[PDB]
Amino acid sequence: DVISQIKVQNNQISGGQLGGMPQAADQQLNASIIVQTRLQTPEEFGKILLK
Amino acid sequence: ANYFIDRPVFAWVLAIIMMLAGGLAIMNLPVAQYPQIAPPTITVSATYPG
Amino acid sequence: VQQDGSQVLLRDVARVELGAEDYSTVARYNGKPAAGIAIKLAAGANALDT
């Protein structure tokens, strides 16, 4: 359970782009989406939710 | 050296051999705009969709 | 498959279309859609006959 939770909560989820090819006409916004990033400090690791 | 003056046929034969070798070279010699000037570089490309 | 019995298909939830792999490039030749190829020659080859 600990290994699976670490794998789930220490991932590199690729959100994508808020408006990207093929985009709609008259589209005037383009930005990247950030969902998750890999943890960096033991304090963050110790806060992983097991249950 | 100077001994070709006594033997014109040897000089003419050498000239003919040179011309034939040059024609053979021109027949099969690679041509290009420029030779390999840039140092070799290797490119590694990876894609992570999204 | 629902309890009613009607079959749920992919076309019922999505649009399936023969599209492109990479959509992030618009290539136009004189304003018209186009695609190109670059030929990089070989070593020991004749650039004229090639």
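Evaluate the distance, in nm, between pseudo-label points positioned 7 Å from the Cα of B:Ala15 and of A:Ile34 along their respective Cα→Cβ axes.
8.1
Ordered by residue, what ³J(HN,Hα) values in Hz, to whole numbers, does region A:24-30 give under the Karplus form 6.51 cos²θ - 1.76 cosθ + 1.60, where θ = phi - 60° and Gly and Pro are x?
In residue order, the calculated couplings are 6, 5, 6, 8, 10, 10, 8 Hz.
So what are the ³J(HN,Hα) numbers for region C:8-21, from phi and the Karplus equation (6.51, -1.76, 1.60; θ = phi - 60°), rounded to whole Hz, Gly and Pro as x?
Rounded to whole hertz, the list is 8, 10, 4, 4, 6, 10, 7, 9, 9, 8, 6, x, 10, 6.
B:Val44 versus B:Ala25, label points 7 Å from Cα toward the beta carbon: distance in nm?
4.3
Helix-only mean residue ellipticity at 222 nm, chain B, DSSP H runs n ≥ 4 weighted -39,500 (n - 2.57), per residue, nearest 500. What is it? Walk me through the numbers before you get to the answer.
Working: 1 runs with 20 residues, N = 50.
My calculation for chain B gives -14000 deg cm²/dmol from helical runs alone.
I'd like the Karplus ³J(HN,Hα) series for region C:28-38: coefficients 6.51, -1.76, 1.60, θ = phi - 60°, whole numbers in Hz, and an x wherever there's a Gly or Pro.
Once rounded to whole Hz, the list reads 10, 10, 6, x, 10, x, 7, 9, x, 9, 10.
Could you state the number of Å between the C-alpha centres of region B:7-50 and region A:26-51?
57
Every read-out reported here was derived from the displayed coordinates using simple, explicitly stated rules and does not represent laboratory data. Cβ: placed from backbone, ideal geometry, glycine included. Neighbour counts: every protein chain shown.
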